[PDB]
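Chains E, C, G, D, S, U, F and Y are the protein sequences, given in the same order.
Just so you know, the first sequence maps onto residues 683 to 730 in the entry's author numbering.
Just so you know, the second sequence maps onto residues 1 to 67 in the entry's author numbering.
Just so you know, the third sequence maps onto residues 342 to 390 in the entry's author numbering.
Just so you know, the fourth sequence maps onto residues 25 to 70 in the entry's author numbering.
Just so you know, the fifth sequence maps onto residues 488 to 584 in the entry's author numbering.
Just so you know, the sixth sequence maps onto residues 1 to 335 in the entry's author numbering.
Just so you know, the seventh sequence maps onto residues 42 to 142 in the entry's author numbering.
Just so you know, the eighth sequence maps onto residues 751 to 900 in the entry's author numbering.
Ideal Cβ positions, reconstructed from N, Cα and C, are used throughout, including at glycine.
These notes are about the structure you will find just below.
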Amino acid sequence: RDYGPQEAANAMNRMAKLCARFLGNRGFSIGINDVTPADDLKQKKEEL
Amino acid sequence: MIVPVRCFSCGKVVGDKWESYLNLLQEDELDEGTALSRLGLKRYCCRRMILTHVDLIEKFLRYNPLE
Amino acid sequence: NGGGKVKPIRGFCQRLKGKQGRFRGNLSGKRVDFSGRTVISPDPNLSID
Amino acid sequence: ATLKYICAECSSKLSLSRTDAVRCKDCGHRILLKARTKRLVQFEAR
Amino acid sequence: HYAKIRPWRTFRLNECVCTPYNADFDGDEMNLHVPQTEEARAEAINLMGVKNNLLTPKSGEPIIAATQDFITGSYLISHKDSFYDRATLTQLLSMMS
Amino acid sequence: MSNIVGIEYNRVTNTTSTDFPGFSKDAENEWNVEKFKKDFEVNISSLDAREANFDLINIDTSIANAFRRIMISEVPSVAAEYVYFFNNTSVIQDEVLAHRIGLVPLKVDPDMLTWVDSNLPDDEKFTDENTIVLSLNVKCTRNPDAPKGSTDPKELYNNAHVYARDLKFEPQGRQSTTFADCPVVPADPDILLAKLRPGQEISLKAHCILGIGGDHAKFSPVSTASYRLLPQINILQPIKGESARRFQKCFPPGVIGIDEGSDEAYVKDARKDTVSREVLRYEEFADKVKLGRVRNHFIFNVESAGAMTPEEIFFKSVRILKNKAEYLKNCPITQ
Amino acid sequence: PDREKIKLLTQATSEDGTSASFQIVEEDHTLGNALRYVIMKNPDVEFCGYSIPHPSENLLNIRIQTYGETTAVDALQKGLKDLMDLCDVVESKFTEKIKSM
Amino acid sequence: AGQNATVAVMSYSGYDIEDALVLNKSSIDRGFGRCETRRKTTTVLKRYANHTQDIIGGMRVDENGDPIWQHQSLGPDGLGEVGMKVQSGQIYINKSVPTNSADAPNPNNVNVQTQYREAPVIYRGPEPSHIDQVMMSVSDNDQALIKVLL
Ligand SMILES: [Zn+2]
Ligand SMILES: [Zn+2]
Numbered sequence: 683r684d685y686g687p688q689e690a691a692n693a694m695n696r697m698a699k700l701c702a703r704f705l706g707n708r709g710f711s712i713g714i715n716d717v718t719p720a721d722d723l724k725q726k727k728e729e730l
Numbered sequence: 001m002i003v004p005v006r007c008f009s010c011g012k013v014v015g016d017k018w019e020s021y022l023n024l025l026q027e028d029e030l031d032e033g034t035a036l037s038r039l040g041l042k043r044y045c046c047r048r049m050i051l052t053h054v055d056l057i058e059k060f061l062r063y064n065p066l067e
Numbered sequence: 342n343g344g345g346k347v348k349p350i351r352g353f354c355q356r357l358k359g360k361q362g363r364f365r366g367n368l369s370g371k372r373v374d375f376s377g378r379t380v381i382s383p384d385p386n387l388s389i390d
Numbered sequence: 025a026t027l028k029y030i031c032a033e034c035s036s037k038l039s040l041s042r043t044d045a046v047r048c049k050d051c052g053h054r055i056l057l058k059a060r061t062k063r064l065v066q067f068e069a070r
Numbered sequence: 488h489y490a491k492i493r494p495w496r497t498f499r500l501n502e503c504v505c506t507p508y509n510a511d512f513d514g515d516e517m518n519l520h521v522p523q524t525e526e527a528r529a530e531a532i533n534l535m536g537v538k539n540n541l542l543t544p545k546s547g548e549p550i551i552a553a554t555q556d557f558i559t560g561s562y563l564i565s566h567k568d569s570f571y572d573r574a575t576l577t578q579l580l581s582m583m584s
Numbered sequence: 001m002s003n004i005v006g007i008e009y010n011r012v013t014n015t016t017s018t019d020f021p022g023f024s025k026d027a028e029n030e031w032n033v034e035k036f037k038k039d040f041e042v043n044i045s046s047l048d049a050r051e052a053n054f055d056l057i058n059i060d061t062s063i064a065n066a067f068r069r070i071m072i073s074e075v076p077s078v079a080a081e082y083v084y085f086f087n088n089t090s091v092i093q094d095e096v097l098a099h100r101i102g103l104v105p106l107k108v109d110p111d112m113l114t115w116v117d118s119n120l121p122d123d124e125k126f127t128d129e130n131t132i133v134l135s136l137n138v139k140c141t142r143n144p145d146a147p148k149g150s151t152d153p154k155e156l157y158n159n160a161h162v163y164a165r166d167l168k169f170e171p172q173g174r175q176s177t178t179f180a181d182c183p184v185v186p187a188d189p190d191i192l193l194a195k196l197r198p199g200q201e202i203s204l205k206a207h208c209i210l211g212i213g214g215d216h217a218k219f220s221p222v223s224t225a226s227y228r229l230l231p232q233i234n235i236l237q238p239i240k241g242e243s244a245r246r247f248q249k250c251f252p253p254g255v256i257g258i259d260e261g262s263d264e265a266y267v268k269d270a271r272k273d274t275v276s277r278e279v280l281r282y283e284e285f286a287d288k289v290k291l292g293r294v295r296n297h298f299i300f301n302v303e304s305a306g307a308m309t310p311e312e313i314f315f316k317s318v319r320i321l322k323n324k325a326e327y328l329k330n331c332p333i334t335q
Numbered sequence: 042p043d044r045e046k047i048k049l050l051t052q053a054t055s056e057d058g059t060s061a062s063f064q065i066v067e068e069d070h071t072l073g074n075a076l077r078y079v080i081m082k083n084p085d086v087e088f089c090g091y092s093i094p095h096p097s098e099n100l101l102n103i104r105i106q107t108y109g110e111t112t113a114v115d116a117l118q119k120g121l122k123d124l125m126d127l128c129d130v131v132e133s134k135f136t137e138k139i140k141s142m
Numbered sequence: 751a752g753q754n755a756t757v758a759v760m761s762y763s764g765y766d767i768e769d770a771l772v773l774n775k776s777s778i779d780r781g782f783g784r785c786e787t788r789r790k791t792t793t794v795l796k797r798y799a800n801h802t803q804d805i806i807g808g809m810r811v812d813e814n815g816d817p818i819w820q821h822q823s824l825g826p827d828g829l830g831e832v833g834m835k836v837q838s839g840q841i842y843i844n845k846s847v848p849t850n851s852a853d854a855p856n857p858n859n860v861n862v863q864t865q866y867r868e869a870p871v872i873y874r875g876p877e878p879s880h881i882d883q884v885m886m887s888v889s890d891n892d893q894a895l896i897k898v899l900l
C-alpha cells in the first residue's frame with residue numbers, strides 16, 4: 683500500500699528464502715510429551 | 001525378494017547375514033535381537049531388514065518354468 | 342429397427358442443450374491448445390510469480 | 025535352450041514353421057512363450 | 488507467472504501464492520498455459536500476473552502470505568527469548584536473500 | 001561459550017561456535033596458528049579392519065562437519081557399474097539383479113585407476129587401467145544325490161545361492177601384471193546375489209568404474225561415519241545412598257560409579273552414556289546435576305565398507321579438502 | 042587453467058574492496074560452511090555468509106563484507122590460504138600420533 | 751505392500767511446507783521404493799472371409815548393416831525379443847493385414863495376396879522399456895493371437 687508491489691513481494695521472496703533455509707537448520711517438531719499431559723490435568727480433568 | 005544388499009540408511013552390507021541369521025534362528029532356539037546383537041548389528045536401522053523382509057523368492061520358485 | 346428401443350435417437354436439438362456439447366459445455370467452454378498438466382511441489386527458493 | 029521357444033507346462037524347447045501348429049510336440053497343452061536371445065543387452069546399475 | 492526452468496519433472500511454484508489457488512500441494516494437479524500473440528503476454532503479465540493482483544477483490548485483503556511453516560518459521564526467529572551472533576546473524580542474513 | 005552446550009529437558013543452549021573476535025568487547029580468539037596447533041590434539045579409540053573409531057578436540061563444528069561430509073560423498077571409491085549380460089532366464093528381474101552387483105562393495109584400491117572421460121566416446125571410454133570388468137555365469141544343476149525330501153535345495157541343486165565369491169575377474173594386458181599380488185576380490189564374499197533352481201542360468205560381464213559418493217552411495221567408501229558429540233555431566237551435593245543408587249540406575253551401565261554408600265556418585269567415565277537425558281523426568285534429581293557436552297571434543301567414528309583401512313580413508317578425506325582449497329588458491333579470479 | 046570457477050558478481054560490490062558476492066561453481070556446504078568460519082575470524086571482516094540459490098542447481102554463493110582497508114578478495118585469499126594451513130595441521134598431528142599408534 | 755522406513759519429523763529443507771515429503775538420495779540409490787510396472791498389449795490376428803490371414807513378418811534390415819533403427823529390436827522371427835531396451839518410435843510387434851482383405855472376395859484368383867497394409871504398433875512413451883515375456887497362443891476359435899507385456 684505504500685511503495686508498490688515490485689519491492690513489496692521482493693520482501694516476501696526474502697521471507698521464504700530465509701525461513702525455508704533456516705528453520706530446518708535450527709529445527710522443530712512435535713512430541714508425545716506434548717500430547718500426553720504429565721500427571722495433573724488428568725486428575726483436575728477428572729473432576730472436570 | 002532378496003535380502004537387500006544394504007539397509008536404506010546405514011548402507012552396511014546386509015546380504016551376508018540373512019543366511020547365517022536364519023541359520024541361527026532355526027537351529028539354536030534364541031531371541032531375535034540377541035541373535036543380531038552378537039550378529040553384529042548394534043543399530044536398529046540396519047536391524048529392521050533382518051527383522052523385516054519376508055523372503056518371497058522361494059515362494060516364487062514354486063512357479064519356476066521347469067517346475 | 343430391431344425393436345429394442347435403445348434410447349439413442351435424439352441429439353440434434355439436444356446436441357445444443359445440456360452437458361458437454363454445443364449449449365455451453367463446448368463452445369462457451371472451448372477445449373484449448375498449447376497447454377500441459379502436472380502435479381505440484383514447492384520451491385521456496387524459487388521467487389514468487 | 026538356444027532354439028526359439030518353450031512350452032508352458034512342458035517347459036519343453038521347440039521350434040516352429042509358419043502357419044504350422046499352435047500345439048507343441050509333447051504337451052496336449054497350447055500356450056507357449058518365446059525364449060530369450062543370445063543377443064547381448066545392457067543395463068546400468070545406479 | 489514468469490517462467491523459469493529446472494530439472495526433474497513437475498510444476499513447482501512459490502508458496503505464498505498457494506492460497507489463491509487454494510493449493511494443498513498433497514497429490515493435486517494444475518494446468519499450464521502460454522499466450523501466443525505478444526499482446527496477450529503484456530496483458531496477463533503486467534496486469535493479470537501476481538504483483539499487481541496481490542490483493543483479493545472481495546474484502547480487499549492480500550490473499551497471499553506466509554502459510555504454515557513460513558508463519559511459524561518466522562515465529563521461532565521472531566521469538567523474544569532467542570538471541571544470535573555476529574557470525575550467526577551473518578550467515579542468516581545471507582540465507583535470507 | 002566455554003564449550004558448554006545446554007542439555008535441558010525441553011531444549012538446548014549455546015550451539016553456534018561463537019569463538020572469534022567479532023562478538024566480544026575484548027577482541028580475541030583471532031586466528032593465528034600455533035595457539036591452534038599446540039592446543040589442538042587428537043586421540044584414537046581403536047583400529048580395526050573394516051571399522052575405525054577415534055576422538056578429536058579443540059576445533060569448531062565446521063571443519064569436522066566437512067570431514068564427515070566429504071568423507072560420505074566427495075571421497076573416491078570404485079565399483080562395478082555398467083552391466084553387460086550373457087542372457088539370463090532366472091526369476092529375479094534382471095535389472096534389479098544388476099542393481100545388486102552394482103551395489104556390492106569390492107576390496108580394491110584407487111590409485112591403480114583413472115577417471116572416465118565423458119568425451120573420447122565408444123570403446124575409447126572404458127579402457128584398461130580405467131576399468132575393471134567382471135564376468136559370472138552359473139547354470140544351476142540338479143544334484144542327482146537326493147538324501148531327503150526338501151533339504152536345503154543344495155543337496156537338491158548345486159550352487160543355488162550365488163555369492164560375491166562366485167564372481168571372478170578377467171584381467172587384461174597390463175591389467176593382469178599389476179593386481180597379481182592384489183587379487184581382485186568383492187569385499188565381503190558372502191551376499192545373496194540371486195536364488196534359483198536348475199533349468200535356470202545367469203551369465204554377465206558388467207563393468208567397473210571409479211566413482212564418487214555424492215553421486216551414488218554405491219560409491220561410498222563407508223557404510224556410515226558420524227561424530228557423536230562427547231558427553232559431559234556436572235553434578236552437585238553428596239546426595240549419597242540408595243537415592244543416588246537409583247540415580248545411576250537412571251542411566252546405561254557405563255554411567256557414573258559408586259565407591260561406597262559414602263563418596264556419593266562419581267562419574268565412572270563419559271562417552272559410554274547415550275546422552276539420553278532421562279534424569280530430568282524424575283524431577284527430584286534435577287537441582288544437583290546439569291547435562292551438557294563440549295563443542296571442542298568430538299567422538300568421531302566410521303565404518304569401512306571393506307574398501308580399505310579407514311585410518312587412511314579419514315587421512316585421505318582431509319587431503320581431498322586440502323586439495324579442494326589449494327586448487328582454489330592459485331586459481332585466478334575473473335571479474 | 043580454467044576460467045569458469047569463480048565469476049565475481051559486479052552488481053554486488055560498490056567499489057574498492059569493501060563487499061563482494063561470489064559464486065563458486067560445483068561446490069557446496071562442505072566448503073562453504075567451513076570457509077565461512079575460517080574467514081569470520083579475520084578482524085577487518087564484517088559479514089561473510091553463503092548459501093545455495095537452489096539445491097536443484099549447483100552453484101555456491103559466498104558473501105563477504107568488511108571495514109575499510111584490506112580488500113574482500115584479498116581477505117578470501119588470506120583465509121583460504123589459512124584453511125590450507127589447517128589441513129596441514131590435521132595431517133601433521135594425525136598421521137604422527139597414528140604413526141606412533 | 752509398502753516400505754518399512756526410517757522417518758524423522760522436522761521442518762528441514764523448507765520445501766517441506768504442506769504435506770510435501772522429502773527423500774534421501776543414495777538410499778533410493780541404494781534402492782528403496784523402487785517400482786516395476788508390468789503393462790500389456792494384445793493383438794488379435796483375425797482371418798478374413800477373403801481366405802487370407804494376416805502376416806506377422808518384418809525386419810527389413812537395409813544395407814545388410816542392421817535392422818532399421820525405426821524398427822530393429824525384434825529378432826529373426828520378426829517379433830519383440832525378450833529382455834531388450836525398447837524405445838519410443840519403434841515396434842515390438844508387427845501386425846499386417848492385406849488391403850484386398852477388407853473387401854468382398856470371389857473364388858477367382860491367380861497369384862498375389864501379397865498386398866499387405868502394415869500397421870505395426872509403435873510403443874509410445876516418455877521413457878525406455880523392456881520386454882520380458884511374449885506369448886504366441888490361440889483361443890477356442892482357432893485363430894492366432896499374441897498378447898505381450900512390457
Ligand atoms: Zn542400518
Ligand atoms: Zn508342451
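- In this structure, F/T112 keeps its C-beta atom at 9 Å or more from the C-beta atom of F/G73.
- Here F/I103 carries a strand assignment [DSSP, helix/strand/coil].
- For the segment 776-808 of chain Y, the set of positions with a beta-carbon nearer than 7 Å to some beta-carbon of chain C reads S777, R780, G781 and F782 in chain order.
- Of the candidates U/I132, U/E278 and U/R197, U/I132 places its Cα closest to the Cα of U/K107.
- Relative to ligand 2, C/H53 has its C-beta separated by 8 Å or more from all heavy atoms.
- Y/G807 is positioned such that its CB atom lies no closer than 9 Å to that of Y/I881.
- In the pairwise beta carbon analysis, the segment 372-390 of chain G is classified as not touching the segment 792-799 of chain Y: fewer than three pairs are separated by under 8 Å.
- Taking 8 Å as the cut-off, the C-beta of C/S9 counts as close to a heavy atom of ligand 1.
- Take Y/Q840, set aside five residues on each side of it, and the residues of its chain with a beta-carbon closer than 8 Å to its own are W819, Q820, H821, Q822, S823, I872 and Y873, in chain order.
- Residue state for E/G706 is assigned as helix, using DSSP reduced to three classes.
- Counting only the Cα atoms, S/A529 lies some 51 Å from U/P76.
- Two segments are said to touch when three or more pairs of C-beta atoms, one from each, lie closer than 8 Å; by this definition the segment 559-579 of chain S touches the segment 16-34 of chain U.
- Residue Y/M760 holds the alpha-carbon nearest to the alpha-carbon of Y/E768 among Y/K775, Y/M760 and Y/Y842.
- In the structure shown, S/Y562 adopts helical secondary structure according to DSSP, grouped into three states.
- Within the same chain, no Cβ atom closer than 7 Å to the Cβ of U/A217 is found once the five residues on either side in sequence are excluded.
- Restricting attention to S/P544, S/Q523 and S/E516, the CA atom closest to the CA of S/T497 is found in S/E516.
- Of the candidates U/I233, U/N301 and U/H99, the residue whose Cα lies closest to the Cα of C/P4 is U/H99.
- If only complete runs of 4 or more residues are kept, the segment 19-63 of chain U shows the alpha helix (DSSP H) at 35-39, in order along the chain.
- Distance check between E/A702 and each of F/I105, F/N102 and F/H95 places F/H95 closest, using alpha-carbon atoms only.
- Setting aside the 5 residues that flank it on each side, G/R356 is surrounded in the same chain by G362 and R363, each with a C-beta closer than 8 Å to its C-beta; the list follows chain order.
- For U/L229, the nearest beta carbon of chain C is not closer than 9 Å to its own beta carbon.
- With respect to Y/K845, Y/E868 sits close: the two C-beta atoms are nearer than 9 Å.
- The set of residues with any CB-heavy atom separation to ligand 2 below 6 Å comprises, in chain order, D/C31, D/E33, D/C34, D/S36, D/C48, D/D50, D/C51 and D/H53.
- For F/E68, the number of other beta carbons within 10 angstroms of its own is at least 16, and it is reported as buried.
- Secondary structure of U/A160 (DSSP, three-state): coil.
- D/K58 is outside the set of residues whose beta carbon lies under 9 Å from a beta carbon in chain U.
- Among the residues facing chain F, S/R496 is not included, as its CB has no counterpart in that chain under 9 Å away.
- Closest by C-alpha distance to D/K49, out of D/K62, D/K58 and D/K37, is D/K37.
- Cβ neighbours of S/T506 within its own chain (closer than 8 Å, five residues either side excluded): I550, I551, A552 and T554.
- Taking 8 Å as the upper bound on Cβ-Cβ separation, chain C lies near residues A755, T756, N774, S776 and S777 of the segment 755-777 of chain Y.
- Residue contact check for G/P349 against chain S: no CB pair falls below 9 Å.
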